[PDB]
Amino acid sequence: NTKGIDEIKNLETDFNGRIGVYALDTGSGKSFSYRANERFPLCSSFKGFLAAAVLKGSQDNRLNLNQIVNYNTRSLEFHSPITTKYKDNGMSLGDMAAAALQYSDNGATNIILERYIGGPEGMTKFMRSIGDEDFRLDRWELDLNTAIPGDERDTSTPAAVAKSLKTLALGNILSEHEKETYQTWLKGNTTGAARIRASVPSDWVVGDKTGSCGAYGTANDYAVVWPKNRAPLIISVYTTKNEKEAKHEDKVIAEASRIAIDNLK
């Protein structure tokens, strides 16, 4: 069989779940896919796209990243490490968007969705505008994390996530300046050490956004990877299981990424 497919099938069997992967070498055009067209829960991974929406809004001069966002009278959501620190004085819109991505800050995520993006509908509309027909955000944090098998709410496909990431980080939707900011934010992510970052050599640079639902062993990660002296790669790995109480496996995500990188054709 084609290189890497049997290896990922065996990984999936041992994991006793479902693994979706899409990888693309932007230099040669070679790719690797496995269940790339199947739906998987997004979990926090959509926050990486939320940040890009804010950058697009700044670029259109509809928003200003320097605008101070005040929320001193708003109860903050579970897991709001950055927004809790600056609740008294407030935070600039740019810093809030960065926190939503880099720390998966829920307060930052919901505040931005409520005030600037137009909620789940607005987030979905933004993705449709960049050519993404699969992405769908239906709920807010933290309800969107249920990850119920068969449920199409708050899901997308590994292929759609990869295409949207390539379009936003390396395409022409965002200007040269906004792309640099977006790439900097991705590189500064603090939650992906054990996933895609663990599958590549020490001298390769990685920009990513993780997602962990906390249910049905559902976890994921997508990234722009800049290999030493090579054009960037786009990697998207999504996983889920049928047991409600099953824990996610970071090592499975890392291994699926390693297999994809070594089998680009």
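Just count from 1 along the sequence shown to find any residue number.
If you average the C-alpha B-factors over 82-90 and over 115-123, the higher value belongs to 82-90. The stretch with the higher mean CA B factor, choosing between 171-179 and 151-159, is 171-179. Out of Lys228, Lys209, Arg35, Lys56, it is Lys228 whose C-alpha atom has the highest B-factor in the PDB entry. Among the modelled residues of its chain, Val21 has a C-alpha B-factor that falls in the lowest third according to the deposited record.
In this PDB entry, the Cα temperature factor of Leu137 sits in the middle third of its chain's modelled residues. Among the modelled residues of its chain, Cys213 has a C-alpha B-factor that falls in the middle third, as given in the PDB entry. Annotation for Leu144: CA B-factor lies in the middle third of the chain's modelled residues. Looking at the C-alpha B-factors along this chain, the one for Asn110 belongs to the lowest third.
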